[PDB]
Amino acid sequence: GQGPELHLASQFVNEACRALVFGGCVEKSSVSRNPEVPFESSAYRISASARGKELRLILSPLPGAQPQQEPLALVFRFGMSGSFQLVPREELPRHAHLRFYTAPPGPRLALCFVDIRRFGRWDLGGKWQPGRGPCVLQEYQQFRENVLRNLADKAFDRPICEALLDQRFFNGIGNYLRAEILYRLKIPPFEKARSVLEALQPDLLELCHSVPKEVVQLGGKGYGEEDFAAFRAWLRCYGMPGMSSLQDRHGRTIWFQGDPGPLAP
């Protein structure tokens, strides 16, 4: 997902796991090339926060849990198909690559990282990816300053539609969001990023926050079929009849209305 999906996922983990207790180890599918999570507690709580296009899980053993353990943090990136599900322990989805098991009593459940295509990754450290900018949703002011302070960077030489996917400056913005954001301001996607940003030192950086916030407010996105209908109705540009599309220089499709802009292939 993009920032809204990662944020909604962290809300899902927090609400779903609020009154649950996990115990045991953290089980990884054999096909997953991500790392074994070395963690075991008889009793632990799982919580989450999102930052841009990453989600951090905290594994927090209860007072007296055994073996002795300090809380463990994991950072996840979802790639194209990452998600979290709470399922019954013996009805694991097909691509459940990492699982946390509730402890008794009550119905035995599993929190699963589900990633069909396996583009998602996790690391043990618990730290955000060095180089990712601040979260367009939760760190708006830091995000805004981080762009306006570094317009000399060669990243802003590129078309604006390309610059919007550079996670050093737009941590959380993905393909649908770049289309939806430029269509609201009818900024051509192949206008030069520095030209559109230089003129700011509600504008484009504000919509980098407010547009994703709109997606979050829809709620849901399986966090199931009706939630999906609401997102489809919300979209104005991405994939919509009457809209043009081109390939950016990395082969990713940009949707827009009218003028493609000066740097079009």
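Quick note: we count residues from 1 along the sequence shown, nothing fancier.
The entry models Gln217 and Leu218 with no unmodelled deposited residue separating them. According to the entry, the deposited sequence has 4 to 9 residues without coordinates between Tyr223 and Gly224. Higher mean CA temperature factor between 136-144 and 87-95: 87-95, per the PDB entry. Set 148-156 against 166-174 and average the Cα temperature factors; 148-156 ends up higher. Listed residues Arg77, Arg184, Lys192, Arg108 were ranked by CA B-factor as deposited; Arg108 comes out on top. Between the residues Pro35, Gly52, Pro61, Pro212, the entry's highest C-alpha temperature factor is the one at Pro35.
Among the modelled residues of the chain, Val13 sits in the lowest third by CA temperature factor in this PDB entry.
Placement of the Cα temperature factor of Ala48 within the chain: lowest third of the modelled residues, per the deposited record. Looking at the C-alpha B-factors along this chain, the one for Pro265 belongs to the highest third. Sort the modelled residues of the chain by CA B factor and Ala199 lands in the highest third. Annotation for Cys161: C-alpha temperature factor in the lowest third relative to the rest of the modelled chain, per the entry.
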